[PDB]
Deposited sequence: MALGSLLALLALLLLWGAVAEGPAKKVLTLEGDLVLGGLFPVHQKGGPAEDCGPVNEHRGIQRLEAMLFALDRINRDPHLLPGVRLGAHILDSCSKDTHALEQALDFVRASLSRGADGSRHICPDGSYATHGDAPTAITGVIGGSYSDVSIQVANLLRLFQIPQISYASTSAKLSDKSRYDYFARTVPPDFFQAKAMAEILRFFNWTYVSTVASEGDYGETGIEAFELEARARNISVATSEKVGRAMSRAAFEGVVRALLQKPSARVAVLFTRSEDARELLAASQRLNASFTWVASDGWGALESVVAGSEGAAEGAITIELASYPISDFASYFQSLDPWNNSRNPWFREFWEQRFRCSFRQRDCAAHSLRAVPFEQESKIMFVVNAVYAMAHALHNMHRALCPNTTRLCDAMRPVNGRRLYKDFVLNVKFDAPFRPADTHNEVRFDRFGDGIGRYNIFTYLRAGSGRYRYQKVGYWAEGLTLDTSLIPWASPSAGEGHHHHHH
């Protein structure tokens, strides 16, 4: 029901999974701290900096119209009507920063393309989206899963793991993710034992059956997963439950999330996981940690996040005690992707403005209204700038390929039992046009 709106000369639409998927009865579930709130605030942070950037649209203010998908594609669409309501007779949406889940980005793309509205995803990695015959107004700051699968299979060949199995979740991402793995596997002389399917509706018993099924072919110790966080979580819990031992090789969904493993550490010990290569942003941590319910009114959902986060109630008046500065900050992995995606849309508009409004620094009649086709084809796809807030070590550019995709850069991790019974994720290498490993950091190596 709620929308986040910010004034500006040009309004960018946003789309985030602020809430999780609801019950069979309800549309929306509880608040998403990391993939919801933190990702939405990275958008707000980025627009704030952009609006204080002298070399980036100094005469044009970037406004916002941010929607909640509730982690369900059909819901994302009901909301997404806002972006197009004016045209079908918000006054004007210049472009959409959004889609977390591939299924959401695909659904929203199918509508946005009917209105020539450009779209940039910060998280969607299904290979389908690379097709400009169907998703001709879609671009992403992340690479497709074509390269993730290619990396996963390359790890197996290096470790001489010829017999292995697969799990994967219902949805565009997982299903189309594991086929890409199996294809790259077969090309490397890698056999598949069993190929399993997992849903969210699936209960404790059904997850145990998957683990049971993976044992039927015991010559395959290594399990390859292209699953959602909560599916990886469950399958890992089911493993500790009936004391099962697998060599997990898992996709970005699990990545280096402590939540996926928390509680089922023993079973997880030794897993090799993929996280799309990114870096933290120190300015964003400071920004997020300084947010409070009385000073962050512009976020319609922040008070709900706060009650949930600090098990308090504003009615009860027990929320003021708490503070984000006094708790351990853990930035979400794809925050870089959210900032990059916001900056990419801003660079595109600046570049469009340079070309269409030569005399004035302000929004001229040529960009009233902005032509989406022209914007996407000639400006979005042709941006080339140094990624903001990047470390001194890496020199990353924000650029789109022919298919609107990002560069196939991934970080490889291992989960290990560290000192004094603590468990942690360690960076063992990276995949950027070939595998790169340091097995010294790998315990079982």
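In this chain the deposited sequence has gaps in the coordinates at 1-24, 114-134, 491-503, listed in sequence order.
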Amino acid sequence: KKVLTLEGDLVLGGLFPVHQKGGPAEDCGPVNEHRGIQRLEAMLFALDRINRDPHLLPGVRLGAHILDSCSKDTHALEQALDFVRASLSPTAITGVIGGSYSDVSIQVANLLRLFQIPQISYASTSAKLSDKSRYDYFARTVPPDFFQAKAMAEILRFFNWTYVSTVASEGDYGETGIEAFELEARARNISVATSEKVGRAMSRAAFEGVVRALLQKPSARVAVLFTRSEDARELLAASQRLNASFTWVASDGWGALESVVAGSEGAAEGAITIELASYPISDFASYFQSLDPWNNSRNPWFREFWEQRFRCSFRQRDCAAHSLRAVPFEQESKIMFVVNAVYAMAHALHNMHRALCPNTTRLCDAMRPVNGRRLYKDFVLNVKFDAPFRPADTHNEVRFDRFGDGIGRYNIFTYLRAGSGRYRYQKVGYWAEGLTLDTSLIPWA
From here on, numbers count along this sequence of modelled residues.
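When 117-125 is weighed against 288-296, 288-296 comes out higher, by mean CA B-factor as recorded in the entry.
Set 196-204 against 356-364 and average the Cα temperature factors; 196-204 ends up higher. Within the selection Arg134, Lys72, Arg188, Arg85, the deposited Cα B-factor values reach their highest point at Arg188. The maximum CA B-factor among the listed residues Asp48, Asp405, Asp27, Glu41, taken from the PDB record, is found at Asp27. Ranked within its chain, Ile66 lands in the lowest third, by CA B factor from the PDB record. Among the modelled residues of its chain, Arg157 has a C-alpha B-factor that falls in the highest third, as given in the PDB entry. When the modelled residues of the chain are ordered by C-alpha B-factor, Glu258 sits in the middle third.
When the CA B factors of the chain's modelled residues are split into thirds, the value for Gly98 lands in the lowest one. Ranked within its chain, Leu77 lands in the lowest third, by CA B factor from the PDB record.
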